[PDB]
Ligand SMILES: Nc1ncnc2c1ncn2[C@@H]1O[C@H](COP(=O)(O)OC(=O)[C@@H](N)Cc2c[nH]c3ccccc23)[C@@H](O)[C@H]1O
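One chain comes next, on its own, written out as structure tokens in the form solved without the ligand.
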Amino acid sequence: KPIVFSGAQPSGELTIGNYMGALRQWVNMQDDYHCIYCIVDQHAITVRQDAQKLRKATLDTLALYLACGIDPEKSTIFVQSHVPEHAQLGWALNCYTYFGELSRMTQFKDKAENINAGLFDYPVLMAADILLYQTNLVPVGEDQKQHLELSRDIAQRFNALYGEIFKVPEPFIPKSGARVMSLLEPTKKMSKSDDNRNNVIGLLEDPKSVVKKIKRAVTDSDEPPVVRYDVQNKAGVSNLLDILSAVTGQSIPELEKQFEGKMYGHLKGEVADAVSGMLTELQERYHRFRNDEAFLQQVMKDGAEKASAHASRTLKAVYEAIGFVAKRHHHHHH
């Protein structure tokens, strides 16, 4: 079974695009694949932020993944900081990553108040994240192909010097989920990092907010009004259909037939009642999980236990190749 590493950034309200395009289909693939979901809190402190907020953000992100359907029996779900092997391999990989590679990373080269070594050094740690678990499928994140390429460069550069300690990871492009485009720029896809949030709709949004946001979405000035799928000409109405089709499963031609003679104010309202209906169940659930302090502390405890087992195997193999003397655990440790 192929092993898949995804990272859950503690900040960044999951959008309906994230859900329907990616995580929804990945919920249905936990038995075929060995999916690992790591809450990368050590990657978040690269940017300064409120200590209580990050702690709550970590716990928020956990419950929502659970709320999105990640089964902690089938899949491994943990907090990056709770598995030391991450920092630990991170340092060793610093010695097999070159200054220029890190500095030519398009993001950093761009950044202006916290040019910390975290910001610069994150891509090595992100390669330590992938490589510990012998990952072979990586779902290439947003604006982060560079990063996986650097992981592949690191792992080959290490394995070339010492042997196949690591699996070279390949990018994961699963079943393309729904096509969710930004609500005021249907040319652009929906991004969790969108500074203007009217292009987005988070998974935990008031039915009112869902309505207010789909109401402001861009349409066209076609007279007569038409609900037809033309991605070139009718983008915003195309997008409204792709979203709706995704929530309901109905086809684009079915939707067109259903909206014959209806205007856009109706399609909007209809798309908003369908979105918010989906998010009521997933929001019901979320709070159950978010309130169940015990259950949360258990999914963490069990989850990190499963990770830190698989990671120390790899970390031992690395430190062996490296030239280090092994930690002396107990007389009868092997």
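Each residue number is its position in the shown sequence, starting from 1. Rigid core here is just the name for the largest C-alpha set that superposes within 1.5 Å across the two forms.
From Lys111 on to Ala112, does the model leave out none, 1 to 3, 4 to 9, or 10 or more residues of the deposited sequence? Missing in between: 4 to 9 residues.
Would you mind comparing 172 to 180 and 80 to 88 for me and telling me which has the higher average C-alpha temperature factor in the entry? According to the entry, 172 to 180 carries the higher average C-alpha B-factor.
Mean CA temperature factor from the deposited coordinates, higher in 24 to 32 or in 43 to 51? Higher of the two, by average CA B-factor, is 24 to 32.
Could you tell me which one of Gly261, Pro139, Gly118, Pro123 shows the highest CA temperature factor in the PDB record? Out of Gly261, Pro139, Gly118, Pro123, the record gives the largest C-alpha B-factor to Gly261.
Candidate residues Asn94, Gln134, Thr248, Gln144, the one whose C-alpha B factor the record puts highest: Among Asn94, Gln134, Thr248, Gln144, the highest C-alpha B-factor in the entry belongs to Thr248.
Please place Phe295 in the lowest, middle or highest third of its chain by C-alpha B factor as given in the entry. For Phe295, the deposited C-alpha B-factor lands in the highest third.
Please place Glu256 in the lowest, middle or highest third of its chain according to the CA B-factor in the PDB entry. Its C-alpha B-factor belongs to the highest third of this chain's values.
Lowest, middle or highest third - CA B-factor, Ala326: As the PDB entry reports it, the C-alpha B-factor of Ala326 lands in the middle third of its chain.
Mind checking which third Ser308 falls in for C-alpha B-factor across the chain? Middle third by C-alpha B-factor.
Of the three thirds of its chain by CA temperature factor, lowest, middle or highest, which one includes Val231? Middle third, going by the recorded CA B-factors of the chain.
One more form of this protein, deposited with the ligand bound, exists but is not displayed; see below.
Overlaying the pocket C-alphas and bringing the ligand over as found in the bound PDB entry, would you call this site open, or blocked by 3+ ligand atoms sitting within 2.4 Å of backbone or C-beta? If you fit the ligand onto this chain using the C-alphas around its site, the pocket comes out blocked.
If the cut-off is 4.5 angstroms on heavy atoms, which of these, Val180, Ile154, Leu241, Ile214, is the one near the ligand in the bound PDB entry? Selected option: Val180.
Please identify the residue among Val83, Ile77, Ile130, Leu150 with any heavy atom within 4.5 Å of the ligand in the bound PDB entry. In short, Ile130.
Listed range touching the ligand, judged in the bound PDB entry by heavy atoms within 4.5 Å, from 185 to 193, 214 to 222, 245 to 253, 156 to 164: Every other range fails; the passing one is 185 to 193.
Heavy atom of each of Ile201, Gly269 and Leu282 within 4.5 Å of the ligand in the bound PDB entry: No residue of the spot touches the ligand in the bound PDB entry.
Is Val168 one of the residues lying within 4.5 Å of the ligand in the bound PDB entry, judged by heavy atom distances? It does not: once the ligand is placed as it appears in the bound PDB entry, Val168 has no heavy atom within 4.5 Å of it.
Considering only heavy atoms, tell me if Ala67 and the ligand come within 4.5 Å of each other in the bound PDB entry. Judged by the heavy-atom cut-off of 4.5 Å, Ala67 is well away from the ligand in the bound PDB entry.
The ligand contact in the bound PDB entry: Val40, any heavy atom under 4.5 Å: Contact check for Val40: yes, within 4.5 Å of the ligand in the bound PDB entry.
Considering only heavy atoms, tell me if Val226 and the ligand come within 4.5 Å of each other in the bound PDB entry. Contact check for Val226: no, nothing within 4.5 Å of the ligand in the bound PDB entry.
Within 7 to 22, which residues come within 4.5 Å of the ligand in the bound PDB entry, counting heavy atoms only? Heavy-atom contacts within 4.5 Å come from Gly7, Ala8, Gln9, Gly17, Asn18, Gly21, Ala22.
Rigid core superposition between this form and the one not shown: residue from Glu170, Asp71, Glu142, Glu164 with Cα shift of 2 Å or more: So the only displaced C-alpha belongs to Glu142.
Taking the shown form as reference, are the C-alpha positions of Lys175 and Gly303 brought closer or pushed farther apart in the bound PDB entry, with a change of 3 Å or more? It is farther: the C-alpha separation of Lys175 and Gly303 rises by at least 3 Å in the bound PDB entry.
Just say closer or farther for the C-alpha distance from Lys175 to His147 in the bound PDB entry, relative to the shown form; it changes by 3 Å or more. Closer in the bound PDB entry, by 3 Å or more.
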